[PDB]
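Peer 1: How does the following fold in three dimensions:
(chains A, B, C and D)
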4 protein chains.
Amino acid sequence: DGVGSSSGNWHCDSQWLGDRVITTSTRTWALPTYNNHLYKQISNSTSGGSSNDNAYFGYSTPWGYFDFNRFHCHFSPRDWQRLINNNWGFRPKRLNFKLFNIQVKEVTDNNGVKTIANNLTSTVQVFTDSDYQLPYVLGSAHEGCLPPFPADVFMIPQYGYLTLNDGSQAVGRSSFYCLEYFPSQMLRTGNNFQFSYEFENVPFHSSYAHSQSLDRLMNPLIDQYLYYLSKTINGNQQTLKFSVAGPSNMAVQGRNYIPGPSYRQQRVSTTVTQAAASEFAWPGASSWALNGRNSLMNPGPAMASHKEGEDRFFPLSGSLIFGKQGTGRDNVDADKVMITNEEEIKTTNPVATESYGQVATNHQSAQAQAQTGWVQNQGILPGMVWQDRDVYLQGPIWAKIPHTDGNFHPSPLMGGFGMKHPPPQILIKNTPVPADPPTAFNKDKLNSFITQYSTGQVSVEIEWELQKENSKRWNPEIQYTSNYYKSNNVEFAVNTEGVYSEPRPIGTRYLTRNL
Amino acid sequence: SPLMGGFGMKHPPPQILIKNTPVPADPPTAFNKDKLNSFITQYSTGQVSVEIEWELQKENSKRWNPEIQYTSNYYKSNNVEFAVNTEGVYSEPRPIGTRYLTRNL
Amino acid sequence: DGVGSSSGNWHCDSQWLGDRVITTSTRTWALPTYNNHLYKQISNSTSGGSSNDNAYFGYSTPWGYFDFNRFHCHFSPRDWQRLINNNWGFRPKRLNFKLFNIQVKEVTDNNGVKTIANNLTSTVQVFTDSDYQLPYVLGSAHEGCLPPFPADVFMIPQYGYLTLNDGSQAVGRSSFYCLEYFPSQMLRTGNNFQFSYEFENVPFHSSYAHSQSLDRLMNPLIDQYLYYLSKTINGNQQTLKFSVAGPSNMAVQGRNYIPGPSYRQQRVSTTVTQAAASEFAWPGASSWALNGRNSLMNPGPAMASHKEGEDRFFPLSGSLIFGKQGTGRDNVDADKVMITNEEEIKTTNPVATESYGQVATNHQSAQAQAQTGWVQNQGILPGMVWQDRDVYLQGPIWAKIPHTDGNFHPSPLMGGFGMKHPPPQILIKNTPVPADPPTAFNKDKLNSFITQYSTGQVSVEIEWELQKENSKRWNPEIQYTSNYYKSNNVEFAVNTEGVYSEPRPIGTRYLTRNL
Amino acid sequence: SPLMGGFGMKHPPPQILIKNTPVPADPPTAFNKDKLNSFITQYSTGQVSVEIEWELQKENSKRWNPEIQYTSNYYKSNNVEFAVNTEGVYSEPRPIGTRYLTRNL
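Peer 2: Numbering: from 1, shown residues only, chains lettered A, B, ... in the order given. And now the structure:
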């Protein structure tokens, strides 16, 4: 429109209908100039990397991008509490995104002092990768998302991508992408940008915990009409004896379904005053290999974090680890991080730090005793049932399913909704503004630009579909609740210095339903 | 998906079976109940045509640098690749895959 | 149709309308099996060639082809005489082609004796290269065309083609063509084949000889209003003198147009009892080089064969040479060949064995005498006019203009009509009939086939447009005529052994018109 | 046809000429007939877009063996051809012609 007219209003609210909840969040953003308007080839050689497992090749772009792939970007703690305490499931339906109130500033430094002024004629470029023609980086748990607290002003993360690499070198199959080779809208201070997105059909997330275990689905009062081998020797003559499988021996009863797959993780205890044989963080970790590179199995298949009563143990890399407010980047203590756990899925999923089971490994005879072997990793078998990893308030929402010939249960392993066509990447960049050029023609590209940055507001609205609970359970359910006991600060609030903090990870599985 | 490569189908193209009808030789002038085992030596020849329509998925890549492409080598050789020899023998000098273009993962 | 019904009639006649003549010719052909149904790579190594100039690489196909690219295939000598004596020009308009009365025979050899019988179920395959996707070999003066005498039965020539070569080896750019990769009609004894073709617009061939010379177009009674430098020295003082160019000095008169281009050829005399300095057939020949290979300039640009009264001389390779009936293939005497001449174009074209002219090569002064140099080769200049090479009864009719970015006056240098889309190649082959295969499966291609050949009739009808003469010349014209004087045989007739012969080449340029 | 390569036209795309309008500095308070030679130092910047529609002539070759094609080399290298360097410098490593497909003469 014009310089003196706002291009949008501040929309931040949650609307709770019967089977739907609509979340709207608005944030103020700041966008600097990245790479001084240049594309730069990057690799482990440029960053000084040495290990083969961490070698990479890619490019850093002068473009930023908007990321809102975390639940706290849309749900307040109270809204999250309502959702998890009142619904058996939820899933995103549609998306509305807006950019408005664009403000481009120029920075001039004379001597140790910088002056900031408006540049009303400068432009900011925004486009969406609706055709998914660029590498998708929103499927990784990267920082730079919209802040959970609406009053926080955030910096737009720089967009970068990786391609095929051989050490620090590239190959002929490696791809280079120029983001200026895409049509993009150019916005001055009076312009705004908006688009709508429809989520593809995804299953409802399981925001419930099973009230029954897979091995306890039988009637505890009635025998089965099936027999099991109860005795082999009479007291070395072979005397086979069979007995009815009933309530007194539930472990041997016939069952129609079995627990889901497993990929065993090393067990680590958080208890203080403990000794360790050696440094086993990398050496003792479960991993998978691709083209000679070892990658940590993290978080891996959805498995129960620990057995009943063993909350002190957690899988080495089988759980999401969040950092508390103010936590450092490198080598922080256990009390500075928040270790999530998936104990709710112990009713259907195997324990992460235990073998799946035992399998016969020979043919027993009068000369050879029957032998069994531990199954540390078990693939998918017919009749298996399992629960996917729970999602969290500060955890990811969705991920892009890789474009491959085949996949199985493409639920993101870090939690969330897997989609072939997720919300498109939204890329933003400040248009370069050259400084005064020389009065004589020079064919070289200009490298002198006016120092600029941009700021504005961003709004994203997502409609969520709800799956209401119809339980006939008589006794009250477990519910997420704040603790009344006095404390120096209110949980999920600001401190005396105005710092917002999330004191604990919040799952979604508090209500119960039968298996 | 077939492990040797290709398209797996519950109802693939049906088997097409062909046989020359037996033509008995001169039978004896007195009835014999045994099946005939004397036949005229025969063989058949003809032409066979098969037409298949293939659907294509075009590429919409935004890649800037040129892709890898299958190409013949200009360097001189005694014979042209995928052609006949001086004795009329056709040969396929190398296996050719399908994966030269690129797309993101 | 059926075995016992003819699929076509014998059509061979010429119909003379006012401005059009329609020629129809029918011939009986025989088609054997070529290369034993195989494609074979051929080169100068396979044929034993050694010279770089004659090195080649290509393929020989089991297919034959029909060629009617010679005028005597359509015009009888009497029709040719009428055409050349009564018309100033002619050009082909449309084409009709027919194959019918297909007869496929099988040959069986027991011991030194062959038996031929019909194979009613065998097929012959015919298709036309209407899209010009195959190498065009009809543009070369190859043998194998329809015989001039309708009663002669001819053998179908085998189709072969050449591609890019480096010595006896091929390169990556070389192309291999499989003629079975084309849709073709399969004909049994009851079937027939036919198609129609329309000639693209071409200029009328010049079937006239100019009655004026390019240097004698002025009025012989009136002076020009232009002056020429007549004198330089007064008898070494420079005294310029100028004079009117008039009838007394026609050589110095100003002229608006000049003779056409030239590429000088060595002069060879047919007179007996003559001595030669050395063997100059190849060493003394004019040639052009392409990629290091030298090719004889033959017949080269259309130039006058000899000056007036010098009929004994002919250019070394600037004239078409036809062989008399029964003439051998290698090293025949001059009396066994018929040397064509282009003396009719001496009025506009330069003499083949003479320089185009003289050009100044220095600046004359009081110290240096004026110098001139002979122009042995002269390219196209503005104001040039020329006549193309004449066509002959036994000469070629058309040629395919090479598909190139540029060309100039694409009239075929051997004579005829140049076309981007000439009459398409008509390719024919006997379908292989395998012998008895083994009773056990063998994956190798079959190499045992029934010996077969095919025969039938071929008809081609061409409509020609005529350009009538409207001359006001008073005295009678020169006309082609037979000689009444007694001879043992009639010219253009059969001998006592039934051998048809063409005793002389017949041009088209007997009538006259002004320049 | 232009000898350096390309399409020759009597009426090619017209020349597009651009200039910053001079902005005089403060003139003297007394009239002077001489043309002004004191101007405010200025420069301009903006975006330029050009769209060209090209007509294509498809190939209908009957050639059996594969053609020569322009392709990137898979072998590892420090930089991707036709891409930016570690300093953001774009480079074109080789000239690319147009004549790789083949047709008869």
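
Peer 1: Parallel or antiparallel, list what pairs with the lengthiest strand in chain A.
Peer 2: The longest strand of chain A (DSSP state E) is strand A:87-109. Sheet partners assigned to strand A:87-109 using DSSP bridges are listed as strand A:114-118 (antiparallel), strand A:193-198 (antiparallel), strand A:205-206 (antiparallel), strand A:452-468 (antiparallel).

Peer 1: looking at these, which is buried most?
Peer 2: The highest mean neighbour count among the strands paired with strand A:87-109, using mean count of other C-beta atoms under 10 Å in any protein chain shown, belongs to strand A:205-206: a mean of 22. (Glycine included, C-beta is placed from N, CA and C.)

Peer 1: Give me the three-state assignment for residue A:53.
Peer 2: With DSSP: H, G, I helix; E, B strand; the rest coil as the basis, residue A:53 sits in helix.

Peer 1: does it really touch residue A:296, like I thought?
Peer 2: No. Using C-beta atoms under 8 Å, residue A:53 makes no contact with residue A:296, being 9.0 Å away.

Peer 1: For the residue of the stretch 1-150 of chain A found nearest chain C, give me its contacts.
Peer 2: Residue of the stretch 1-150 of chain A nearest chain C, by C-beta to the nearest C-beta: residue A:57 (31.7 Å). By C-beta atoms under 8 Å, 6 or more residues apart in numbering or on different chains, the contact set of residue A:57 is A:41-44, A:162-166, A:168-170, A:174.

Peer 1: So what pairs up with it in the strands?
Peer 2: Beta-bridge partners for residue A:57, by DSSP bridges, are residue A:43, residue A:163.

Peer 1: now it: how far from residue A:293?
Peer 2: To residue A:293, residue A:57 is 13 Å away according to C-beta to C-beta, to the nearest Å.

Peer 1: show me where the stretch 251-400 of chain A has strands.
Peer 2: Assignment of strands within the stretch 251-400 of chain A using DSSP state E, counting those that start in this stretch yields the ranges A:258-259, A:262-263, A:267-269, A:287-290, A:293-296, A:313-315, A:321-323, A:337-339, A:357-360, A:372-375, A:377-378, A:384-385, A:398-400.

Peer 1: Next, format the ones you listed as a markdown table and append mean neighbour count and distance to residue A:444.
Peer 2: What follows is those, written out as a markdown table (neighbours: other C-beta atoms under 10 Å in any protein chain shown; distance: least, C-beta to C-beta, whole Å):
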| stretch | mean neighbour count | distance to residue A:444 |
| --- | --- | --- |
| strand A:258-259 | 22 | 66 |
| strand A:262-263 | 22 | 55 |
| strand A:267-269 | 17 | 57 |
| strand A:287-290 | 10 | 42 |
| strand A:293-296 | 14 | 40 |
| strand A:313-315 | 23 | 56 |
| strand A:321-323 | 15 | 45 |
| strand A:337-339 | 15 | 50 |
| strand A:357-360 | 11 | 69 |
| strand A:372-375 | 12 | 65 |
| strand A:377-378 | 16 | 58 |
| strand A:384-385 | 14 | 63 |
| strand A:398-400 | 22 | 39 |
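
Peer 1: Turn the ones you listed into TSV, columns for distance to chain D.
Peer 2: Listed next are these as TSV, based on distance: least, C-beta to the nearest C-beta, whole Å:
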stretch	distance to chain D
strand A:258-259	45
strand A:262-263	33
strand A:267-269	39
strand A:287-290	18
strand A:293-296	15
strand A:313-315	37
strand A:321-323	32
strand A:337-339	35
strand A:357-360	44
strand A:372-375	41
strand A:377-378	34
strand A:384-385	41
strand A:398-400	24
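
Peer 1: Could you give the number of residues near residue A:38?
Peer 2: By the criterion of other C-beta atoms under 10 Å in any protein chain shown, residue A:38 has 19 neighbours.

Peer 1: mind listing what it touches?
Peer 2: Residue A:38 is in contact with A:62, D:84, D:87-88, counting by C-beta under 8 Å, 6+ apart.

Peer 1: So residue A:395 is in contact with residue A:320, correct?
Peer 2: Yes. The criterion here is C-beta under 8 Å, and residue A:395 meets it with residue A:320 at 6.3 Å.
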